[PDB]
Each structure stands twice: as C-alpha cells, then as structure tokens.
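>
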Ligand SMILES: *[C@@H]1O[C@H](CO)[C@@H](O)[C@H](O)[C@H]1NC(C)=O
Ligand SMILES: *[C@@H]1O[C@H](CO)[C@@H](O)[C@H](O)[C@H]1NC(C)=O
Ligand SMILES: *[C@@H]1O[C@H](CO)[C@@H](O)[C@H](O)[C@H]1NC(C)=O
Ligand SMILES: *[C@@H]1O[C@H](CO)[C@@H](O)[C@H](O)[C@H]1NC(C)=O
Ligand SMILES: *[C@@H]1O[C@H](CO)[C@@H](O)[C@H](O)[C@H]1NC(C)=O
Ligand SMILES: *[C@@H]1O[C@H](CO)[C@@H](O)[C@H](O)[C@H]1NC(C)=O
Ligand SMILES: [Sm+3]
Ligand SMILES: [Sm+3]
Ligand SMILES: [Sm+3]
Ligand SMILES: [Sm+3]
Ligand SMILES: [Sm+3]
Ligand SMILES: [Sm+3]
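Protein chains in written order, with the authors' numbering: chain B, 122 to 760; chain A, 122 to 760.
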C-alpha cells in the first residue's frame, strides 16, 4: 500500500478508538498508587503484557531488573524554624512527599531563596549561599540540577516548592515527589547493568546529591518567608509574598531521613516483526510507573502505547500493512527515578543497540494541554517532525499543527529528564518526543493530584487530543517503516557541525594566541560533508529493489547518530557521550563554554583541558566521517 | 574458479618469482640506512608506491603522519666505571646504538645484573636493585618491559647487551638499536592520531621509561663484568664470564643524551577491489623502515609485500581470479618505534575499522630460519592457519608444515612488539602472523649487521623459504576471499570463554567468601554460546546466492572479534581493550591474576578492583552476546 492508504487507514482507526476509557481504566484502584516496583505497578505491568498478547502481536516478553530506589523512612522528614537553639515558632512542616536519592542527613542554618533552582545562572545574585540552606521554585530546570548547583556553591540542604504564579493550584497544602539524581537510571550501575544487592552493593554519591533535598508545600513556603527579612525581586517573574533571606534573628533546620530499598523493575516489550529488515527496530516507549496516580505522568502514555500497539498489529493482520522494519513497543518502569527502567535496558546493549534500534519515539506526557505543540528530537528526525506536523490537524483547532508562516520550525533539545534523552545521549539512537504542551507546565504533575478527573476537568476533549498525539506518533512509525529507504536526516548534521565551526571562529583570536591551527577541524567537518554527499548520492543511484545495496546504505545511515558519541570517554565515567547532546567535557558545547572563559583573563580557563577538548572533538568528528563511508579508506592522503 | 585452481595457480606463480633479488634490491645504497622518516626511507616508500602503480592494481595512495621519534643527540652517550668520584678506568664505551624513547638523563651507582631483562620474574633474585643501575640480556621480553620492571623495583639506568650464548655473533664490538616504549606507536597520541609539533606538543612520560636505557656492546659488557665481584649463576641458561654485582670498590655511571625529532612517516597503500563485498578488506601489512639495513627486520617483509601484491593483481587481470572481497596491501613506516606507522593509521578509525577490515595478515620477519614455523594469531584464524599448514610444504623438507601427529596445533599469542598486535588488541581485527623462525632468534636483528649478505650466508635457500612464507600468506588471502561465506572461527571463542570460566572456578572458594554469585557470568558465557549457535545455523540455512542474507550474516561474524574489546575503558587511557589479548585491568587474564593474590592473605588483592573486574568483564561478554545476534532482543527475560 501507499502512504495515503496508510495515512487514511491509521486515521479512521484513530477515529474509532476510545483513549479516554483506557486513561481511566489505568486509574481504577486496581493500579492507582502504582509506585515504582509496587504491587499495583506489577499489576498494570502484567496487564500491558497480556494486552499485548491479546493484541495477537508477535513475540512479547518481560525485562527484569533490580535497582536501588530511595524511599521515605519510617522516621518523619521535616523542616523547622529554630534560632541558634531550639524551635521557637513551630515545625514548619512534616513534608508529605520527598526528593529521591537525596542525601540522608539533617542540618540547619541560614535560608536563602534562589529563584528557580538557582538555574546555575540565578546563583549570580547578591546574597551568598556559602554555607546555608536554600529555597528554590520548581521550574526551568530539574531538581537534580537545582541541587547540584546549590552544592557547587557550597550550600547545604535545598527546599523545592510550587509557588502560586507558576503553579496555580487552589490547594496550598499540596506536596509533590522529587528525583535529585544528576543522571539517568539506577545511580550505582553507570553504563553497565545492575545485579542483586547481595552482589555489587555500593552505597551512593556516584553522581548523587550529598546534600539533603526536601520538597515543601506552598503553605510551608509561606511560613518560611514569614520568618525572612529580605524582599523578593521583580526580576523574578513571580508575585509578592516571598523574601530572600530569613530574618537574622533565627534560622531553619532541615531533616531528611530516607532509606534505599531494592525493588524489582519490570519492563514489558512486544514487537511486530518486519518483512524486509525484520531486525531493524523502531522502539516506541512509555513510562508505566508513577508516584501518585499519575494519570498524566504515566496514564496518557501507557494509554497511547497500548492503543497504538493495538492498531499497528491490527493493520498488519487485517489491513495488509507490511512494515519493512519491525516495531517494538516498550512500557518502562521505575521511570520516576530517572528512566531507571529504560536506561538500564539500554545499559544492556552498550555497544550494539544502534545496530538494532534506529529510532526511539516516546509517548510520556504526550497530552498536557491544547494550546502549544512542543517537540524535541535529534536533528535526524527533523524533516519527519515537520512533514508530519503538516499532516496532523490540531484536536481543538481545525487547522494543521505546522505553522505555515515559517520555513524553519522550532525543535527543542532533549532534557536529562526524558527517557528519550538516554536513548540519544547514551545509546546513540535518534529520538523524538512530542507534547501537546501548554505555556505553563501541568501543576498536579508530581503530586497525588494527577488524577484522571482533575485532568479531564482541565482538558475536556482529552480524547481528541490524545488521538492527535497518537496520530503523530503513528505516522512517525508508519513513515519510519513504510518505505525501503531509511529516512533519517543525516544531512542536518552538516549544518549542526557548521554551526559549531562558526561559533568557534568567534574565538579565532584566542585560538591564535595559542599555537592552535584549528585546521584539522575544518578538514574533519569537510571529510564528513563529503561522506554524506556520497551517501546522499549512492542512494539516488541505487534501486529500491536491490535489497542488498539498499541494506548496505541504510546501515550507513544507521551509524550516523551513534558515531557522534565521543569514543574517548568511558560510559562508566561519563554515560552521555554524544558530543552534541551529551553532558561532560567531551561535549562540543562544553568546548566553547570553556573557551569563552579565555577572555576573562582569569584562571577559569583550563588551557590543557581545551587543547584536548579540541584535539579529540576533532578526531571524534573526523572518525564520524571515516565511519560514514568516504567509500572506506578516505583518500585525502595529501593534507 | 575453485580452490584447487587458485591453489595451483598461486603455486606456479610462486614457482616463478625471484624473492631473493628484491630482498637484495632493497639493500642497494639507494635505500640502506632506511631509518624511520629518513630520506632512504622516503625513497623505498616511493618505490613501493610506484611498483604498486606499475602492478596496475586499483587505487593506491599515501598516508602522511607527523610523530615524535627519538634520536641520538650530537652529545655522545656513554657508560663509564667510576667511584664516589674520580672516573677511573678507560672509557668503557660510547655506545654506537641507542634505546629510543629512553629517559634523557645521566646517573651513576651500583650495577646489578638481572638476567634477561628481569623478565619481571627474574627480579625475584637475591641482590636488590633498590636504587642502582641494572644490566640485562636481550631476550625473553622486550626492552620496554625489561626497563619497565627495572623501574618498578626503583632502579635507575638499564643496560642491554647481547651475550655470546644467546647471540653467537663472532664480532663482540657490535652495537644494536632499541625501543623502550611500553606501548605501540607515537607515545603522545594514545588512541587518537597525532598532529604537528607546533600543535599538541607534550614532552613525554606518557607511558615512557623515565629511566635512562642504553644498549651496550658485548665487548663493553665483558669489561663491566670485569669490574664486578658477584658470580653469574647456572640457573641462567648462559655461560661463564658474567658477574652479578660490580666490585664494591667502585660503581658505574650511565649518561644518555637523546633528543626527540618530529619526522614525517609515510604509509603506502594499494588495494584490489573485490567483486561482491568490495568494501570488506583483508589488510596485508609489512614494516618498511629499519635502523640498520634491516634485510630481515624489513627487507624480506617489504619484499614479500611487493611480490605478493604483484601476484594477486596479476591473477585478477590475467588468470580470472575474482576475490569476493577486496585486498589492501600496506607498507608501514616508523615501525621500529612501536609500529608507529601502522598504529596511528588504526588510531584513525577508532570505531569503524572493524566495519571495514576483517583480517590483518603481517609479513614482518617472515623468514629468519628453516627449522621451525611459529605462528601467532587470533583464535578466529585458527582453522585457516591449520588447514593451510596442511597445504604448504616446508621449503627445505619435502614434507608439509603441519605436524600430522597432533589434532591440536600450537598457536602463539601476539606480543606488544608485533604490528599485528595493535590490529587485534586495539582495533579489534583478527590477525595472523607467521614466522619460519628458529629455536634461537636472529642475532643481527636489531643491529647494523642485518645485511642481505650475512642473511643469505646464514640461510642459503632464502629464496625457497621466502617463497613458502609468501605461499601461506597467499592462501590466507585467497581463502579469506575466494568464497562468499566469511570464514572466521567465531566458535573458537566459546572454548576460549569456557577455559576462562573453568580457571575461574578454581577460586569458587574465594568467590564464596565474598558474596559474589558468579552466576551472571555463566549466563553471559551461555547467552553468547547460543548466539554463535544461531549464527552457525542461520549460515547453513542461507544460500550462497542471496547476496543479502549472506551479507547480513558475514557482518555478524565480522563483529565477533571487535566486541570483545571492553567497552568500559577509554582508548586514550588503555588502548589495548581486548578483554582476551589486551593489557590492563580490564583484561580477562588480569582478573584471575588479581584473584590469585586473594589466597596470599596479604593486601596484594584489591577487592574493590576485583568486584568491578568481574562485574564489567561479565557485561563485556554479555554484550558480545547481545551484539552477535540472539536474533536481536535476546529473550532470556526470565533469570
Ligand atoms: C564563606 O562563608 C563563610 C560562612 O559560612 C564565611 O565565613 C566566609 O567568609 C565565606 N568565604 C570564604 C572564602 O570562606
Ligand atoms: C536478586 O536478589 C533477589 C532478592 O535479594 C533474589 O530474589 C534474586 O534471586 C536475586 N537474583 C540473583 C540472580 O541472584
Ligand atoms: C585541567 O585539565 C586537565 C585535563 O583535563 C587536568 O589534568 C587538570 O587537573 C585541570 N586543571 C584544572 C585547574 O581544572
Ligand atoms: C632501599 O635501598 C636503599 C639504598 O638505595 C636502602 O638504604 C634501603 O634500606 C632500601 N629499603 C628501603 C625501604 O629504603
Ligand atoms: C605539520 O608540521 C610540519 C612541519 O612543522 C608542516 O610542514 C606541516 O604543514 C604541518 N601540518 C599541518 C596540518 O599544520
Ligand atoms: C583498588 O581499586 C579501586 C578501583 O579500581 C581503586 O579506586 C583503588 O584506589 C584501588 N586501591 C588499591 C590499593 O589498589
Ligand atoms: Sm545503572
Ligand atoms: Sm477542581
Ligand atoms: Sm582528510
Ligand atoms: Sm599515538
Ligand atoms: Sm661471515
Ligand atoms: Sm540472558
């Protein structure tokens, strides 16, 4: 069949699927407080597993894992205002929720208020946090980062609250759940999978806080500010009530007693074997666990995952759809702790997944509103996101998703808190991640209020919306399979690479003071450009009939993304090796970020570090080229 | 054509080729002291380059490189006996040769004599080297290692001489050339290629001595012993004359002044495009540089390389030979310093070469005698070495190379000093390396005596011998290409892996004292066995006509070797990642080697180190499995 056919079919199928029901079903007490590794968790897990079986799809299995999660100890965690001795006022509060992987300790001192988790940026404010507890708003960044920065400035203890402006929740006595791990997955099995506790049981600090972090209710925040002299700025796009520093007269004490708890995570798979490249998959995932009932955090996703798997299987058996490449749906678990489920899976194919999975879609938090349509992905999926937003019509507005007034659409970078991030920054798999987002992030998100009710009370046509999300997700799959040519934008990296070279040339001056020639970089950038130009040519000259010549090409395409992961850094040390989207000194952005410091004439600039950064970052790109063809044995022997 | 045809043809072609002439030609003053990066060097380089062109073979190019080599400074290096002052005795000797990368310094003190470069083993002798110069024989190990151990025991300065028993050279006034780098290639570009000196110019110590090392003439050795009280043991399979320690009355002073010198290495290639898998090569290399005239060290090799390239091209054009996979001959340079030429080439395709080269043959030191026939290679080429030694008849003896009295032949491990080692231990390419060796290693090897004369004076039928070597080398190539199925023994690794498990079970006791379950390892070993069993099956069921299904299989085979390189260690830190043949704590052998120390009840055993060693070494094997198939998504979801 042809695209129109698949597009049309997939639509009517989407026209007759109740997503709202399943989003509700995944709310019955049968599986409501489906915490990570809980019974409910395991309940829904088997539900999905069976549903897949019922869907009559091909092979479907389970993925067991034992990771260390952190939970609230029997001893109560609390915040209390107290002078250089005893609590005068009252125990601010005994927080109802907590920040996982938080340093298990208790300390007291001054209490500064660095708007939006310091943002790392905001830390450049007047009052110093040099040895004092800090308050921050839940927002622009992730707790992990908020805390990380706080501690990088030598602070201790961090409180996170949901202000009124950012979080318009009527109830101010509401508490939410946190993360705190500056990474992805179990924080003791970096790059390699985990085992028992009995075996390989290190404690922590392997990329974990080392500073107590506690989530606080707005109400509690109110009271804290009540005992603070300083006055909150207008710079902070907030609203009155907060201070900046506690009234000297007295300080505050934070006490968090949390304990590690080995649980058994259960990932559930299920594929749909392809017909020509049966061994090249399109991983479609969806977080299944959640702290509260997580109708949004986990409902909509799993809801889509199921309904979406139900369709393709059907299409394959009844409608004649013959996906040239297999599809593999996966419902991860222990996701509230950093995609621990999906990550440790990847951890499992540390150097082969890219040979198998060529793209990872992600349905998490797919429906959160009806205004915007945020989209984050690897440039390799740029044109797919585009052309698809040109085929899918907004659920509310009768118009298409794509803003016809531009030629350059907006695509966001994947964040440390998105299961898709690991797939791309660690496993080198290109990944997309859409969201029918809103200017303001869903409030009830990390709290017990993520109910199917308060959701649909806030998004009336949730069905139509989820449908759309299920449609863009569907087309991605049809598209990434329908045709024999693996359609990934390996060109977009030329641009991505040129942009770097450009930004780097703004320091040609600094580059000159240092003996650096910066010539080898251009060569790489070019040696790579050709590589793509050949591939982009060889394709055109090859016939969509020679299963062999095509397979040889598609494989080259399939290498592109993975090969941009620094082959000079160990996964065990720095898991996000992707020079473009990773995190670490190997990061391309990180290079400029160090060089910028050169001008500051201070010591902030580590020259030896740069020298290497450039040196390697060059050979990384270079290699990416020699790997992406050049007909092998690239013959630019001159230079 | 069929094997017999190719075998028969290749033979008569070998029957009519004067190898002796070319081994001589490569001795004319036109290119005699062809040191690394010298003019002569560059001369022969262009000779080979043109010869290849003349051979009318397909593409042929050059490979430029700027590595830092070490050379003898204008200031003379010398050894002189002297007391706590007053430099008594005659100027023992101003050594004619030198040990590259040796620490540039000068020191004096006691002089111990640790037979055969300490061997690391021999260091367990009576007299301590704790702060004193040391003497060693050139033998069992490499200078690099000899020195390394010496310094690990806190010694300073090391002299290397060629004793009479081991080196039956009439002339005792003869001096030889050394190495000293405990690695492979330029010692400042570990894992990543080099640049200019102007750019990235670190000094050294990046895996280099830090202790002066000087080669000494037997004559000089004589004199040293002359001023020594101790008496040489019979344990040392040597002969009279040497002592153990200098006569207390006085000591010796070593002064080495060498300087680094950026040179331009020139690797010369030339391929023979295949007909079905044109992009899967069989790298056939041969060191081209040398200190002395190196007729053996470099002549015979380059001699074969040329003559061997001359044949296949001819066979392809005239005889109808249609290699299903391309052949690529390569004459490296700067090889006397650690395969610096070939290594930095590999350094170039840090993560893709295995996707290109599926086997590396090596002609270096192919002819050195006529008695034995040593052979070193990766178990993946075991059956080829075997079946071939069953087809090639010894040049002297009319009988076949293969000892018919066994079913299990002897194959040696690749050493740090073999261009093939890097290909296998660093790039993950299976590599063979034969030698018509002798019980005693060629004496003139590292000295100005490696002449075509003294050679043929010591091996009369050098032509027939070289011919044989050129024949086993030839069949390897014909065999690795003739057929459509990539013939590599990926099975032999099951054995190789089981042997490990076995040897490891001898410590099940220790493994038990520690909470270790050691169960995950068996699973991997097994999860891998199945993998090979499927591949070994899929092949049988596939037809040598479906270029597609075969390509998909051969590729899997082509992954086998590379995937045993610890994906948890950085090439920049530990370049030889191969868990089996590499070097480092990631090494499989290294694991046992640490565990053995457990019993010693002392602290020598690092438990935390083991814990990881096992942990990762497990996932390494595991991964090797998940990468070698299991039909993708290995479904041993239970466990
Ligand atoms: C850091 O903060 C402490 C108070 O905790 C203060 O005494 C000190 O002056 C600040 N700066 C330094 C360098 O210690
Ligand atoms: C992992 O630990 C759990 C509980 O400690 C146990 O049930 C399970 O059998 C262990 N798995 C292995 C492979 O030892
Ligand atoms: C500078 O970077 C090099 C290499 O990354 C490192 O060895 C050194 O400790 C760093 N120095 C500082 C001040 O960061
Ligand atoms: C090491 O050698 C020195 C002589 O250089 C000697 O004085 C000392 O006793 C030896 N052992 C130690 C532990 O220093
Ligand atoms: C490398 O250095 C040599 C001599 O310093 C010079 O001839 C050559 O052009 C340099 N190469 C580059 C790329 O700068
Ligand atoms: C033991 O090994 C661990 C990890 O390899 C290392 O951190 C530690 O320093 C080692 N200790 C000793 C005494 O070797
Ligand atoms: Sm982990
Ligand atoms: Sm309401
Ligand atoms: Sm180039
Ligand atoms: Sm190097
Ligand atoms: Sm003679
Ligand atoms: Sm298994």
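Backbone N, C-alpha and C define an ideal beta-carbon position, used for all residues, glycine too.
Whose CA, out of 556(B), 607(B), 277(B), 566(B), lies closest to the CA of residue 589(B)?
556(B)
> For ligand 3, I want to know if residue 727(B) counts as a neighbour, meaning its beta carbon is within less than 6 Å of at least one of the ligand's heavy atoms.
yes
> Please list, in chain order, all residues of the same chain as residue 135(A) whose beta carbon is under 8 Å from its beta carbon, the five residues on each side excluded.
432, 588, 591, 592, 595
> Is the number of C-beta pairs between the segment 436-452 of chain A and the segment 508-521 of chain A that are closer than 8 Å three or more?
no
> Does the contact criterion of 3 or more C-beta pairs under 8 Å hold for the segment 351-361 of chain B versus the segment 128-145 of chain B?
no
> Is residue 187(A) near ligand 5, with its Cβ less than 6 Å from a heavy atom?
yes
> Taking 7 Å as the threshold (beta carbon to beta carbon), is residue 669(A) in contact with chain B?
yes
> Should residue 723(B) be labelled buried (16 or more other beta-carbon atoms within 10 Å of its own) or exposed?
exposed
> Within the continuous alpha helix (DSSP H) that includes residue 613(A), where are the two ends?
613-626
> Just jot down, in chain order, the residues whose CB lies closer than 6 Å to any heavy atom of ligand 7.
Proximity to ligand 7 was defined by a C-beta distance below 6 Å to any of its heavy atoms, and the residues meeting it, in sequence along the chain, are 306(B), 307(B), 310(B), 311(B), 315(B), 465(B), 468(B).
> Give the list of continuous beta strand (DSSP E) stretches no shorter than 3 residues that lie fully inside the segment 524-592 of chain A.
553-556
> Could you tell me which of 258(B), 739(B), 494(B) sits nearest to residue 353(B), measuring between CA atoms?
258(B)
> Looking at ligand 1, does it come within less than 6 Å of residue 278(B), judged from the CB to the closest heavy atom?
Relative to ligand 1, residue 278(B) has its C-beta separated by 6 Å or more from all heavy atoms.
> Name, going along the chain, the residues of the segment 224-252 of chain B whose beta-carbon falls closer than 9 Å to a beta-carbon of chain A.
none
> Leaving aside the five residues before and after residue 130(A) along the sequence, list all residues of the same chain whose C-beta is less than 6 Å from its C-beta, in chain order.
440
> Hey, is residue 320(B)'s beta-carbon within less than 7 Å of any beta-carbon in chain A?
yes
> I'd like the list of long-range same chain contacts for residue 317(A), defined as Cβ closer than 7 Å, with 5 residues on each side in sequence excluded.
187
> According to the neighbour-count rule (16 or more other Cβ atoms, all chains shown, within 10 Å of its Cβ), is residue 100(A) buried or exposed?
The structure shown does not extend to residue 100(A), since chain A is modelled only from 122 to 760, so the question has no answer here.
> Would you report the Cα separation of residue 369(B) and residue 507(B), rounded to the nearest angstrom?
55 Å
> Is any non-hydrogen atom of ligand 1 found closer than 6 Å to the C-beta of residue 251(B), if you look at the structure I gave you?
Yes, ligand 1 has a heavy atom inside 6 Å of this Cβ.
> Within 10 Å of its beta-carbon, does residue 527(A) have 16 or more other beta-carbons around it, so buried, or fewer, so exposed?
exposed
> Mind checking if residue 140(B) is an interface residue toward chain A, Cβ cutoff 7 Å exclusive?
no
> Leaving out five residues before and five after residue 459(B) in sequence, what residues of the same chain have Cβ atoms less than 7 Å from its Cβ?
300, 302, 304, 305, 306
> Which residue from 206(A), 207(A), 212(A), 205(A) puts its Cα closest to that of residue 199(A)?
212(A)
> Any beta carbon from chain B within less than 7 Å of residue 755(A)'s own beta carbon?
no
> Measure from the C-beta of residue 126(B) to each C-beta in chain A and report whether the shortest distance is under 7 Å.
no
> Taking CB distances under 7 Å as the criterion, tell me whether residue 740(A) reaches chain B.
True, the Cβ-Cβ gap to chain B drops below 7 Å.
> Could you work out which residue in 490(B), 602(B), 503(B) is closest to residue 617(B) when comparing CA atoms only?
503(B)
> Would you call residue 665(A) buried or exposed, if buried means 16 or more other Cβ atoms sit within 10 Å of its Cβ?
exposed
> Any heavy atom of ligand 5 closer than 6 Å to the Cβ of residue 638(B)?
yes
> Would a check of beta-carbon distances place residue 731(B) closer than 7 Å to chain A?
no
> Does the distance from the C-beta atom of residue 697(B) to that of residue 687(B) stay below 7 Å?
no
> Ligand 9 and residue 760(B): does the residue's C-beta get closer than 6 Å to at least one heavy atom of that ligand?
Yes, since a heavy atom of ligand 9 falls inside the 6 Å radius drawn around the Cβ of residue 760(B).
> Could you work out which residues of chain B lie near residue 316(A), taking near to mean beta carbons separated by less than 7 Å?
641
> Just verifying my parser: in three-state terms, what is the DSSP assignment at residue 230(B)?
strand
> Can you pull the chain B residues whose beta carbon is under 7 Å from the beta carbon of residue 693(A), in chain order?
689
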